[PDB]
Amino acid sequence: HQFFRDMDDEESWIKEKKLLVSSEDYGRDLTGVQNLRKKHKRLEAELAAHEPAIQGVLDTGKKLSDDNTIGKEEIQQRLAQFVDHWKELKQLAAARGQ
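Naming follows the PDB entry, where the chain appears as spectrin of Escherichia coli.

See below:
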């Protein structure tokens with residue numbers, strides 16, 4: 001139950017993370033351009049820390065499996081969303097860079 005909770009709070013953080021990216025943009029068109037470029041740079045750094053964070057949960061889940069399996073399987077499905085979300089985020093970041 002705890003791991004699940006943590007995962008949930010984590011997924012939440014992901015949403016909150018994306019929100020930040022959406023916040024650090026508004027600031028007069030004239031600067032908006034430089035704002036996007038600056039955002040990208042911060043995005044790369046961010047991602048560096050977001051990788052280990054998300055992975056951490058993933059690893060934990062793997063453990064749960066070996067410790068239970070019957071049940072945790074459902075959580076994996078939910079966690080699948082987490083990865084998917086991050087995946088999209090990565091793609092977006094890549095596009096921005098290019």
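Structure shown, so let's carry the discussion forward.
Trainee: Help me out: how do you make sense of the overall build of the chain in this one?
Mentor: Secondary structure summary: the chain contains three helices and zero strands in total. If you list the helices and strands of the chain from N to C, you get α-α-α. Against the 2.2 N^0.38 benchmark of 13 Å for 98 residues, the chain shows a C-alpha radius of gyration of 16 Å, more extended than a compact globule. Dimensions along the principal axes, computed over C-alpha positions, put the chain at roughly 55 × 20 × 15 Å. The buried share of the chain, taken over its 98 residues, is 27%. Counting only carbon and sulfur atoms, one obtains 63% of the accessible surface of the chain, whose full area is about 6500 Å². Positive and negative side-chain charges in the chain, numbering 17 and 19 respectively, have mean positions lying 7 Å apart.

Trainee: Help me understand the side chain of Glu11 in this model?
Mentor: Mapped onto the secondary structure, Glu11 falls in helix 1 (residues 2-23). At 2.8 Å, the side chain of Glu11 and the side chain of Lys15 are in polar contact. If we skip the residues at most four places from it in the chain, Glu11 touches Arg78, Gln81, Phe82 and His85.

Trainee: Before we go on, may I ask you to explain helix 1 in this structure?
Mentor: If you check helix 1, its first and last C-alpha atoms are 31 Å apart, about what 22 residues at 1.5 Å a residue would give, namely 32 Å. Among all positions in helix 1, only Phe3, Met7, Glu10, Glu11, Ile14, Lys17 and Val21 are buried. Looking down the long axis of helix 1, one finds its buried residues gathered within 105° of arc, a one-sided arrangement. Along its buried surface, helix 1 packs onto helix 2 (29-67) and helix 3 (72-97).

Trainee: Looking at this model, I keep getting lost on the pattern of salt bridges. Mind explaining?
Mentor: Pairing between side chains of opposite charge can happen when the charged atoms of each approach one another. Inspection of every chain in the model, using the stated rule, returns 20 salt bridges. Measuring nitrogen to oxygen at the nearest pair gives 2.7 Å for the salt bridge that ties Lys41 to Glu44. Here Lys41 and its partner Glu44 are both found in helix 2, three residues apart, which amounts to about one turn of the helix. In this structure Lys41 comes out as partly exposed when scored by relative accessible area, which is 44%. Under the relative-accessibility criterion, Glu44 is labelled partly exposed at 35%. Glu73 is the salt-bridge partner of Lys72, the closest N and O atoms lying 3.0 Å from each other. The class for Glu73 is partly exposed, based on a relative accessible area of 39%. By sharing partners, the salt bridges in this structure join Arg5, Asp8, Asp9, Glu11, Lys15 and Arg78 into a single network.

Reading guide: rules and limits
- Residues numbered from 1 in each chain as written, not as in the entry; some residues may be left out.
- Heavy atoms only, no water.
- Helix = DSSP H or I, 4+ residues; strand = E, 2+ residues; numbered from the N terminus.
- Rg over C-alpha atoms; globule rule 2.2 N^0.38 Å.
- Buried < 20%, exposed > 50% of the residue type's maximum accessible area, 1.4 Å probe, protein only.
- Areas by Shrake-Rupley, 256 points an atom, 1.4 Å probe, with all protein chains shown as cover.
- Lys, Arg positive; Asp, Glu negative; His and termini not counted.
- Charge placed at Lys NZ, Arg CZ, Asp CG, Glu CD.
- Polar contact = N/O pair within 3.5 Å; in protein donor to acceptor, adjacent residues only side chain to side chain.
- Contact = heavy atoms within 4.5 Å.
- Expected span 1.5 Å × (residues − 1).
- Arc of directions from axis to C-beta.
- Salt bridge = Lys/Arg side-chain N within 4 Å of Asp/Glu carboxyl O.

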